[PDB]
Amino acid sequence: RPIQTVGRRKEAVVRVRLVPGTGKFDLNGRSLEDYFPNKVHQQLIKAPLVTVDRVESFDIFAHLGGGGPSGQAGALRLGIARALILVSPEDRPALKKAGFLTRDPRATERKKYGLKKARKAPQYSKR
Amino acid sequence: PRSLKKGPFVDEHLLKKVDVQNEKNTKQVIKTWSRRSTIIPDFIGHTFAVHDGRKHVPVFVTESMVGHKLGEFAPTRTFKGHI
Amino acid sequence: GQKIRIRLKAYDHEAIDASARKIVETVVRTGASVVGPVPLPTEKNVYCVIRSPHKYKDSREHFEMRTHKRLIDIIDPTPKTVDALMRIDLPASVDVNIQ
Amino acid sequence: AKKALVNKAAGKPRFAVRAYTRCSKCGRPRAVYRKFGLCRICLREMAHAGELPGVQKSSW
Amino acid sequence: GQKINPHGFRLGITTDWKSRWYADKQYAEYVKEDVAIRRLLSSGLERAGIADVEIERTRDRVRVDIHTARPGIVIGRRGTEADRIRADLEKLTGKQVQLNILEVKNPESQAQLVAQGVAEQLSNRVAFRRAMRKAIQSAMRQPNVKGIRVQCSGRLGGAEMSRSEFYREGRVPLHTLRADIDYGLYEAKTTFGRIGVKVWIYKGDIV
Amino acid sequence: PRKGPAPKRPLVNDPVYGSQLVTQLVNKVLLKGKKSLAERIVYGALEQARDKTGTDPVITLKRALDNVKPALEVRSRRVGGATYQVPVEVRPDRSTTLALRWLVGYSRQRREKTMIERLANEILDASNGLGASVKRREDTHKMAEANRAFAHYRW
Amino acid sequence: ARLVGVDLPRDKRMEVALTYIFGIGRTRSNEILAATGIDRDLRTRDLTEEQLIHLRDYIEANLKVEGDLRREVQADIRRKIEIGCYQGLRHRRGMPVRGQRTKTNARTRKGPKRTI
RNA sequence: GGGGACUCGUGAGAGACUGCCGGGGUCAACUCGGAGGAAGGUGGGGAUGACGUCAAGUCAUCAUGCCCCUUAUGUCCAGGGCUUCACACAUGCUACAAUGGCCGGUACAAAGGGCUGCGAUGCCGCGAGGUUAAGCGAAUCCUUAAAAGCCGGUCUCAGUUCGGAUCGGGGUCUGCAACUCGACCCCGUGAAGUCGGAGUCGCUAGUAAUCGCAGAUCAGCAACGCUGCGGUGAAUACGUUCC
Ligand SMILES: [Mg+2]
Ligand SMILES: [Mg+2]
Ligand SMILES: [Mg+2]
Ligand SMILES: [Mg+2]
Ligand SMILES: [Mg+2]
Ligand SMILES: [Mg+2]
Ligand SMILES: [Mg+2]
Ligand SMILES: [Mg+2]
Ligand SMILES: [Mg+2]
Ligand SMILES: [Mg+2]
Ligand SMILES: [Mg+2]
Ligand SMILES: [Mg+2]
Ligand SMILES: [Mg+2]
Ligand SMILES: [Mg+2]
Ligand SMILES: [Mg+2]
Ligand SMILES: [Mg+2]
Ligand SMILES: [Mg+2]
Ligand SMILES: [Mg+2]
Ligand SMILES: [Zn+2]
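Chains as they are written, first to last, in the deposited numbering: chain i, 25 to 151; chain s, 2 to 84; chain j, 3 to 101; chain n, 2 to 61; chain c, 2 to 208; chain g, 2 to 156; chain m, 2 to 117.
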């Protein structure tokens, strides 16, 4: 039984599948630079891999659903970081201080009546 | 009538008033209230009296009113100037 | 197999399942087989009305309508329970859509 | 509202797109819902009483 | 005017609905005659003191439940009034209405009756302090009430300035949601206009 | 504000140039949430900052910032019928912020065609002490040296 | 160049240069530059002399360009004024002919403010 | 076919309480930090508006005291007006461009409505649409193709390939009927405007800023308004002298 976990950031929810190997991110089939074409997203994907010191190994491929291209990228970070706990339960405090285990509970604040955004008020005009 | 499928709509109670007089060469005046009607070239020869709210403003369909409605000839708002 | 596919729509939680898991689930002792409750997504209308009867547009209140269509119940066609489920009494709060 | 117009707004009119919808309870011609048949006022008094089912106060 | 209807703030949490059916296509025509029934059980039975009217319906079998303090007044001369309006319920909905008239266990511990008996005493010109102070002490006797608040407003005593004063005993928490707050509004007819009575009873905590 | 000092947000390093100053630079070019267009300008204005110097573009930027970091800015206050500006000493983390908007803020209103080189022609000149961004750090100083008499109003 | 008395400018592509004729916009220009073979990248400073001659008879056999196209517009206004329609009692006064809001806006048919 | 593994749907429960450790504090309240933890001190938003003020607002939701009309201030109609403009204010939307316009490629949503309907698919139309008819009271099926973004070209700083106002011309749709007075489409036109005077407004984090999508009314719509949803995603907070 290989190890699979789940990560979710904004409303994007991902399902990472962990396979040992050579480091080939075949996300939804196609590769990492195919639909994550921004270098700043590509840092935060493999950002937990430089703390476990296996940036080369673990050729993973995952499922990407919901959200948008930074929520989908940010959800994949937690899914890696959860996966490197089940496959090695001895680098817990390496990734605890890195802040990659925390789900970062930040969603969109709802829009309110009278206001025109979550907190934007319309004009005041005292006469 | 704005669409070309269903043809040019003109109210029936004025079509019968113009057809009864066009056959025997008779050009009377016609009191009407149908501003929505369109000019057919069937009644080029005679005049009308279209409503606006006060009183039936007379109009004589001459040669080139056709295509336009009757109600474009009664302005229904007076406005002779702020000063 | 289990060709009877019945639908359950109510207006509240804990009146559609307690009125099915001990009422519309009672087929399993009467010579047939079930699958159990299958929960479906709650549809949720939203109405927003102005509180005042005049002039105060920036003061509203929100009402919803939670239609808990749930519990796909799939039972085995035993010929003594084809019509006996119509003999099963269900309260006013739940509708059933056997057909 | 004006009771000649509450009675006229339920019969059969000429030119059947001319027909409109009033409230059932009161008679407002404006702000009438179609899933309740009520207006925005009468819906609000009846929803707090419990007098029409499924509707309660929402807070998401 | 600032305080929301306490049966609405608690609807589904503590108190329960007072009409039971389901509909999707005919949800509108049911409400259009659900309030045509509630116009028939206000004028014609007001001497009997209706507490509340419950109306449910199970596939063209409509069941009116109705509570009152004097059950024999709704019944009549042994089945001359309980079936008088049953002949009137059915010629308005076209079905087989089973008007199951019920009773009230304490009409001095339930609003819309305490809120109505104060209004009859205002309607026959007793002093409104005396009408309020009976209901406050006629409700704090029972073992389930822990507080009561009665609030009257309008041209009281045949005055000219409309004013609004309340009385209160016990504890009546209008913000707590685990507390059942019965509530009743009734509108007294007087020779100068109207006086509205609002009565809030607190029975305790539910869980 | 009025209760206490607010917490501060951290920053993530840029992958192309490992430096805190680079992502802090891309973050202030950013209008309208279009973040990757703001990194398609700062990268294009550092990569064009080696086509005509040949040196490393981070080292060019650490010194063009050091020619626009102030250390003494001035800050209005009213006493009587005259209001007069009081010079104050600048904390270090505020200094890098004023410096960096003095780069981007004057670069919008130069005379080239595109923003790819307008930011480049200002990182270039400020590394040698030439541009309008360096003009302000002395006018920030010279306005605050010509008012050293009011230096005893630190609030 | 010079297509029909209209003075095509220089150093500008034919996708935009034919638009300066009164009667050719961005769509009719794309079908003048397809029926006569001329591509949508050809600058005007290197136009072949007979290639303009192909360009000046597809227009003068199908389209309507100015000289009489200005005469198409203002004579169609001139008819509405004299028939006595309300829309011709609207060109007499510099007011909007299509039922636009004349309370706060409508400076274009009128002119800028004068504050009397 | 098939699977109970991962999501997701929704039922019942565990969880965060200064509960444990080190400082300060009357052996108080509490406060400043650490451990463990998805989350830390009210975890982040919604619901909830005390006694009362303003003779606040509505007799036009409704209810109602008293006065008033009762061959008319009742009531049924057709047209007309609520949309008129020498001008003032107010809330918005699109803009004045290169962090852009126009073309060809190509990705990632959420929450919602649908039997008086929604219209896949195919055929026709430059286009709005027209026409056939498959599936579906819907986690089925339709609405659906998200737009910014990303990769290429092109215009090269001009009242313009910016801007889309006004006005000619020809059509489509709903409806008895689109003239006063509807929305959408196509063709030509090509207005004012080059970041706005004294003054003033909103926002402390998934926030402002920008980008679309859907709903309620509705035959169709003046839907840029309102109620909601997500996509992308900032800068700063020294401090309480001043307003
Ligand atoms: Mg508003
Ligand atoms: Mg948002
Ligand atoms: Mg205001
Ligand atoms: Mg209508
Ligand atoms: Mg509270
Ligand atoms: Mg007043
Ligand atoms: Mg008033
Ligand atoms: Mg009256
Ligand atoms: Mg009329
Ligand atoms: Mg108006
Ligand atoms: Mg310019
Ligand atoms: Mg344009
Ligand atoms: Mg494109
Ligand atoms: Mg085609
Ligand atoms: Mg590009
Ligand atoms: Mg100008
Ligand atoms: Mg705040
Ligand atoms: Mg609509
Ligand atoms: Zn109503």
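Cβ atoms here follow ideal geometry from the backbone N, Cα and C, with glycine treated the same way.
In this structure, the CA atom of residue 104/c is about 37 Å from the CA atom of residue 55/j. The residue among 76/s, 83/s, 44/s with its C-alpha nearest the C-alpha of residue 17/s is 44/s.
In this structure, residue 40/n has its CB closer than 6 Å to one or more heavy atoms of ligand 19.
Ranked by Cα distance from residue 46/m, the first of 8/m, 109/m, 36/m is 8/m.
Excluding its 5 nearest sequence neighbours in each direction, residue 31/g has C-beta neighbours in its own chain below 7 Å: 39, listed in chain order. Straight-line spacing of the CA atoms in residue 71/s and residue 23/s works out to 18 Å. Closer than 7 Å to the CB of residue 63/i there is at least one CB belonging to chain g. Check the Cα spacing between residue 66/s and each of 42/s, 55/s, 59/s, 84/s: the tightest is with 42/s. Ligand 19 has a heavy atom closer than 6 Å to the beta-carbon of residue 26/n.
Check the Cα spacing between residue 87/j and each of 14/j, 50/j, 75/j: the tightest is with 75/j. For residue 123/c, the three-state secondary structure derived from DSSP is helix. Residue 49/c and residue 114/c have their C-alpha atoms some 10 Å from each other.
When Cβ-Cβ separations below 7 Å define contact, residue 62/j makes contact with chain i. Taking all protein chains shown into account, residue 154/g has fewer than 16 neighbouring C-beta atoms within 10 Å of its C-beta and is therefore exposed. Nearest to residue 193/c by C-alpha distance, out of 170/c, 159/c, 204/c, is 159/c. Among the bridge pairs identified by DSSP, residue 184/c is matched with 201/c.
Between the alpha carbons of residue 69/g and residue 63/i lies a distance of about 30 Å. Using beta-carbon distances, residue 25/n counts as an interface residue toward chain c, with a partner under 7 Å. Residues of the region 58-89 of chain j that bring their beta carbon within less than 8 Å of a beta carbon in chain n comprise 63, 64, 65, 66, 67, 68, 69, in sequence order. At a C-beta separation below 9 Å, residue 40/g has these neighbours in chain i: 62, 63, 64. By the neighbour-count criterion, in which a residue is buried when 16 or more other Cβ atoms sit within 10 angstroms of its Cβ, residue 117/m is exposed. Beyond the five residues adjoining it in sequence on each side, residue 15/g comes within less than 6 Å, by CB distance, of 23, 24 in the same chain, given in chain order. In this structure, residue 37/s keeps its C-beta atom at 7 Å or more from the C-beta atom of residue 51/s.
Scanning chain j for C-beta atoms nearer than 7 Å to the C-beta of residue 21/c yields 94, 95, reported in chain order. By the C-beta criterion, the region 3-11 of chain s is judged not to be in contact with the region 129-139 of chain i, since fewer than 3 inter-stretch pairs fall below 8 Å. Rounded to whole angstroms, the separation of the alpha carbons of residue 108/m and residue 45/j is 50 Å.
In this structure, residue 79/i and residue 108/i do not form a Cβ contact; the two beta carbons are roughly 12 Å apart against a cut-off of 8 Å.
The distance from the Cβ of residue 91/g to that of residue 74/g is about 6 Å, consistent with a contact at the 8 Å cut-off.
In the three-state reduction of the DSSP assignment, residue 24/n falls in the coil class, being assigned neither a helical nor a strand state. Collapsing the DSSP output to three states places residue 122/g in a helix. Within the DSSP bridge table, the entry for residue 69/j names 45/j as partners. Think of a sphere of 8 Å around the beta carbon of residue 50/n: the chain c residues whose beta carbon falls inside it are 6, 8, 9, 19, in chain order.
Residue 96/i is outside the set of residues whose beta carbon lies under 7 Å from a beta carbon in chain g. Between the region 90-97 of chain j and the region 52-68 of chain j, the count of Cβ pairs shorter than 8 Å is below three; the stretches do not touch. By the criterion of at least three beta-carbon pairs nearer than 8 Å, the region 154-169 of chain c is in contact with the region 126-136 of chain c. In the structure shown, residue 58/i adopts helical secondary structure according to DSSP, grouped into three states.
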